[PDB]
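Asker: Line by line, the protein sequences are chains C and A. Here PDB author numbering is used: the first residue of the first sequence is 395, the next is one more, and so on. Here PDB author numbering is used: the first residue of the second sequence is 401, the next is one more, and so on.
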Amino acid sequence: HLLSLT
Amino acid sequence: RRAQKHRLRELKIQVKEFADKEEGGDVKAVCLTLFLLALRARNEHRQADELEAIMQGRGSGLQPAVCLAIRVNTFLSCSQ
Numbered sequence: 395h396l397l398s399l400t
Numbered sequence: 401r402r403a404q405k406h407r408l409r410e411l412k413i414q415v416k417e418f419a420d421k422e423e424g425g426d427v428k429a430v431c432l433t434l435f436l437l438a439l440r441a442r443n444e445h446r447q448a449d450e451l452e453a454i455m456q457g458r459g460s461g462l463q464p465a466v467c468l469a470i471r472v473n474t475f476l477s478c479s480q
């Protein structure tokens with residue numbers, strides 16, 4: 395998900 | 401509130417479309433990361449990681465043992 399992205 | 405809603409209804413429906421077409425109805429994380437990227441490019445990151453801790457769910461209060469640790473390590477009396 396987007397939270398997992400830096 | 402309704403005045404700025406009327407001012408930004410195009411914006412709401414626009415990033416609504418972009419949320420449905422990018423990650424499929426994922427307005428929360430996209431709008432959140434937009435706020436984070438903007439306010440970190442603002443270079444005022446205390447507010448940024450404060451919002452990160454409060455929206456992740458990081459607890460405000462803390463353990464008693466850590467209070468005991470800092471009290472012992474600073475050599476402070478119970479009165480102070």
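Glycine is no exception: its CB is placed at the ideal position from the N, C-alpha and C atoms.
#1: Nearest CA to the CA of residue 453(A): which residue from 436(A), 473(A) and 427(A)?
#2: Using a beta-carbon distance below 8 Å, is residue 417(A) in contact with chain C?
#3: Which two residues bound the contiguous alpha helix (DSSP H) that contains residue 420(A)?
#4: Suppose you measure from the CA of residue 395(C) to the CA of residue 478(A); what does that come to, to the nearest Å?
#5: Could you check the C-alpha separation between residue 440(A) and residue 432(A) for me, to the nearest Å?
#6: Among 464(A), 423(A), 444(A) and 445(A), which one has its Cα closest to the Cα of residue 397(C)?
#7: Counting only C-beta atoms, is residue 429(A) closer than 8 Å to chain C at any point?
Answerer: Per the coordinate set shown:
#1: Indexing the second sequence from 1 puts residue 453(A) at position 53. Closest option to residue 453(A), Cα to Cα, is 436(A).
#2: Taking the first residue of the second sequence as position 1, residue 417(A) is located at position 17. False, the Cβ-Cβ gap to chain C never drops below 8 Å.
#3: In the second sequence, residue 420(A) corresponds to position 20, counting from 1. Looking at the DSSP string, the run of the alpha helix (DSSP H) that includes residue 420(A) is 409-422.
#4: As a position in the first sequence, residue 395(C) is number 1, starting the count at 1. As a position in the second sequence, residue 478(A) is number 78, starting the count at 1. The alpha-carbon atoms of residue 395(C) and residue 478(A) are separated by roughly 47 Å.
#5: Residue mapping note: residue 440(A) aligns to position 40 of the second sequence, counting from 1. Residue mapping note: residue 432(A) aligns to position 32 of the second sequence, counting from 1. When rounded, the distance between both Cα atoms is 12 Å.
#6: The sequence position of residue 397(C) within the first sequence is 3, counting from 1. When each option's Cα is compared against that of residue 397(C), the closest is 423(A).
#7: Reading the second sequence from its first residue, position 29 is the one you call residue 429(A). Yes, residue 429(A) counts as interfacial toward chain C.
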